[PDB]
Every structure is written in structure tokens, then in C-alpha cells.
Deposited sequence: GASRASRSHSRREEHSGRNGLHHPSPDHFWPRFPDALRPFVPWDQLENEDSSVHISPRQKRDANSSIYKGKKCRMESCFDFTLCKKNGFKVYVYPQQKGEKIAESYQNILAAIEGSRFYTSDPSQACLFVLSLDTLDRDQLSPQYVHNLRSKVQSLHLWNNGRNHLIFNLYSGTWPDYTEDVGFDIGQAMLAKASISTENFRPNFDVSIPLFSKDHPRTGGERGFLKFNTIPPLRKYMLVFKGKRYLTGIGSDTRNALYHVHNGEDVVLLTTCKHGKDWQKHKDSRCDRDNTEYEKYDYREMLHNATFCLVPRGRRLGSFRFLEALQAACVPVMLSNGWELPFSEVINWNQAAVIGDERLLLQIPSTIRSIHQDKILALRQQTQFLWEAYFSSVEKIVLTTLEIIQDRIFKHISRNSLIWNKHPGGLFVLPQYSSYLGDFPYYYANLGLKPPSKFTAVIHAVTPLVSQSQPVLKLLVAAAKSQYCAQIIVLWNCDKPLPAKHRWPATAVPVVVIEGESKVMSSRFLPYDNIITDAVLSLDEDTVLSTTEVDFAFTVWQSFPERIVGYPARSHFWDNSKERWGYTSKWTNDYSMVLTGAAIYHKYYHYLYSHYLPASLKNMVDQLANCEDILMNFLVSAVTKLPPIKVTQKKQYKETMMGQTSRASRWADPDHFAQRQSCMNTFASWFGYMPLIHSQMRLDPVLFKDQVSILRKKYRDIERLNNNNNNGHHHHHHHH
């Protein structure tokens, strides 16, 4: 019995029914959208991201989680996005079940007085995916913390990180830049308001705005982007809410955030180590804050910069990534032996691209061979989708086993962690196979293969195009004569939505292109082409559909091939 441990004291062992969450794995049910109901653009984006995910289930019976279709994001009475009579309109629902196995997203809970935790309607035993949640009101391993984004935040994809030109020393023109506001006469803004003791008209320009005439005159001198890009550290202080838009803006421009919001759970703090990517400081030591950032070593600054960019591009660039990260966090709460290590989330590529249902052991993924002191596997399984090719593949020292989307399934007959894909008429000699496998051992994350093609921007039609012509560079290596880790097979089977795989099967093409898109999204690196070698409208439509679903172009052009020495 766990009657006493409910409400604020809710945990996964008292307010979450594990019987519903069967082996199928974290199915999420969205309620139907009742007509004549206020719904914000941001909540439309969140709901659409949930629908486009693999966790969506149209059947409430076959679900193990529930997300309301009502606009619970903005719970501010003064806000135009507020929905009235929400408690009555959720208590009317019979599937509410006192909020059992219910997730409630929220961004702006509270009103002008104190902007408290009060969400208005009774949640019962429901998990909160609240932003700007305080540690006092937080429920560890039960509630999730999420980033506070804007209505114009991209629904899918996201802008790439602004950090280019990784210069040494990493410090840029200015050190501490802050530009913002000083909420007068109320709760909140008791740090921003006192960001003038540290101001010196130098690399510590804490220019605020509303004495106020001097502040306003000095505020209208620089540009906010000009000071965000010409900076080392950017404060992310507390205002009315514990979170602000400046967090993601400083996380995108790589400007190493210096947290000055006491008692705020940083977005996804359950799985993300924020000492690697940011400086967390008490607002009661603001006078000491500059000296501390002075004392940070250059190598630490470089690591913080790169980790900031990694975290931005991994979990924050789009709303869809935020929603998927919340879902993955809540999913790992279910099976404690099928969760993710603290290392999976905190380094490249990220927790969104690494699935613990495949394996919880870092050595089963190609992303951690250097952090574990291990080596890439010396054996590869050959998969063919012919007799001379099979003989050539067999005449090698690394071929342990020989075996439209049926070639990317998670076959249990495969033992090794590396897979070589072959087609009917791929003339791949034994020396070529050995060299490709050695190069893959040098570059295990990427795809290593002989056939390559590129993509071009059709400016006459404003679209993407597929070029197989021999050009000065390449951006895509066909997964038909290439060696790659077998984890991507599972990822192909368990990360891409049913729609893309369905169309790839229906048109009986675009499997290698989709695989290249996925691996470039994971690694953020161009594929590796080996040796010279190099022996329609459907493909263009596939490229455009993949670009639409990813929200960006993950493909990257490469001008260098890889050849055997001599």
C-alpha cells in the first residue's frame, strides 16, 4: 500500500502503474482535440512531435502513458493562451483516471503573483514535464525538467550551432556580456537588477535597461547578436520565471552559460551533466562570479564550449528533440536494467540516437571505443541482398559470418558489431574488403564505402537534388558496398518513423540514401569514401522528404578520398 505517498511525494513506485507498460515499450496516447478549444502554436508543435514519434498509439487500451490534448502549456491567467475551466474539462474525461500514467507538459505555469508552481487544475498522480521547476517542488525520477522555448522555436530540425573558428585561446573579444531587463518593484529580478557592481565598461559589460537614463544610453550601443558572438561567457540569470529564452540562445552561440538561477533544475538534469557544459553559480556570490570565470583554465573553457555546442545540437535545437528527450527520460524510468548510462547522454552523439533496448553496454555501440580504452571489433558479418562475390568475401581474415528494408533489420543471427553490405553485382575484391574494414576500424562511427554520390541545391526550383556524376566532392556513401556498425540497423528499425520506411518499401528504393541521412544525423560527419573505383525523380522526392522530416540537411560534403599508402 502506498496511499500516504501520493501528491507532492509521488514517485514511480507509488504513482505509476508498470503493468500497463508492457514489453512493447512506452506507448503514449494523445487525447482527441475537442472542437472549439484554445490551443497554442507551441502546443500544436509538441502534439505533432508526439504524433510523429514512434511512441504514438491511437488506442488508449494499448497505451502506457497519456498526454492531454488541451492547452496546458500556458497556465497564466493574464496570458491570452490561457484555457478556462481546464479542471472541469479534464475531470469530465473518463480516461483521466486521477492522472495515473499521465504526462502534463507545461511552460508558463503561474500568474503575476510569485509565479508559483500552481498549475491551476488538479493533476492527481500525473508526471509533470514542467519548465523552470524548482528543486523544492521537484519530484526526482518522477518529474522531468524541460527547456523554456518560444513560439518561433523550430518544430523540427533546428539551426546549427553558431560556433565556428575554434580559435586558441578560446576566449573571444569580450568575457562577460549581458543584455536584458530589470523587472522593477516585484518578485524576481534580484540579480539582473544588481548586475552593475560587476560592470566596468569592458569585457564585463552587463548592460541592463528599464537610475535608468545611463543604463538606457549604454544599452543602445552594441548589438545583442554582436555581443553574443563576441563573448566568452553569457549569464543566464533568473527573472519572473526560473528559466528564460537566453539559455538556448547562449547554448546555440556556444557562449558558455553561467547559471545565476538558484534552485533551477537545468533541462534534463536527470540525465545531462551540466558541469561539463556550463558554469553553475549561486546568485549569492555574484561579486565573486567574475573572478571564478577568470580562474577557469583554457582547456576547461574549450571543453565547455564544445560540450555546449554538442548539447545544443543534440537535445535543444528543436521542439521535437525536447519532446523526444522527455519521452526517453520517462521511458528509462521503467526498466532499470534497460536504461542508459550517465555517459550515453553526456557525450557524442547523444541519448536520442542511442537506444538502451538494443544494449545498455557502451561497448556495443561504435561511439565510445576511445572512452573505454577498447578497440573496434576485428570481425565483421557479411550481409548480401554473387558466388564470386561470396568467395571473395570469404577469403578474408575478418569475415566471421556470411548472411527493401529487410537488409536493415536487427537480426539476431549476427554476432559481430560490424556489418559489410553487398548487392548482386558489387565487384568487391578481398583486398578491397580488408582495406575497407581497416579504415572502418579507424573510423567506426562513420560509413566507409566505395560508391559515393552528392547532393546539390536546385536554386532554380528551391529544392534538393541527387547527383551521381563524378564531381569534385561527395556527401553520401551508398549502403550497398560499405562497412558500418550493426547498431545502425537497429536504429533504422527503431528510430525512423513508420512513414519513411513505408514509402521506402513502396517505391523499392532510397534505402541507402535514408541510411546515409540517419548516420550523418548521428555522427554529424561526412561519410568516408575509399579508393578511386567509381564504376531519378524518386530519389529527389526521397531527399526532399528526408530533409522535411529531419528539419534540416544532415549531409556534409567531403573532398578527400582515402587510399592505400603507396
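Annotation: deposited residues 1-63, 274-285, 461-471, 490-520, 653-672, 704-736 are not represented by C-alpha coordinates in the model.
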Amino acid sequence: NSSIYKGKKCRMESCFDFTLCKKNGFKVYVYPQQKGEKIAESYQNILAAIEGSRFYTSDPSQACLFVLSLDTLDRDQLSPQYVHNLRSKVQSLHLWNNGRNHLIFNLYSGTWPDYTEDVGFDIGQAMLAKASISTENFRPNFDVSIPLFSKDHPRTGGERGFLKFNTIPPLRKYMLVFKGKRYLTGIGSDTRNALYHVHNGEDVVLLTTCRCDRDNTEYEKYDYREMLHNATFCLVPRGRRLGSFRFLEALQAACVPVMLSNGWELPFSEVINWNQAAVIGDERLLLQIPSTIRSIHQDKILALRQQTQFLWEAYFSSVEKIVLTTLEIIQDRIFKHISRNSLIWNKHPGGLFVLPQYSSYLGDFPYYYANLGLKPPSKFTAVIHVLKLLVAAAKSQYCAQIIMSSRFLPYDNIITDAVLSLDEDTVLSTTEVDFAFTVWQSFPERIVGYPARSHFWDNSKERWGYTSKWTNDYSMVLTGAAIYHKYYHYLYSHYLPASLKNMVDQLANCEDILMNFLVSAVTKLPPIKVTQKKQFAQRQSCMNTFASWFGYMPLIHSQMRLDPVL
From here on, numbers count along this sequence of modelled residues.
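Basically, rigid core = biggest C-alpha set you can superpose within 1.5 Å across the two forms.
Taking the rigid core as the alignment reference, the C-alpha atoms of 161-169 lie farther on average from the displayed form in 5 other deposited structures of this protein than those of the other stretch among 315-323 and 161-169. Note on 111-119 and 264-272: with rigid core alignment, C-alpha atoms in 5 other deposited structures of this protein sit farther from this form for 111-119. Compared with other deposited structures of the same protein, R54 does not meet the criterion of being unmodelled in at least one third, since all of those that resolve residues on both sides include it. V236, present in the displayed chain, carries coordinates in each of the other PDB entries compared that cover both sides of it, far from a third leaving it out.
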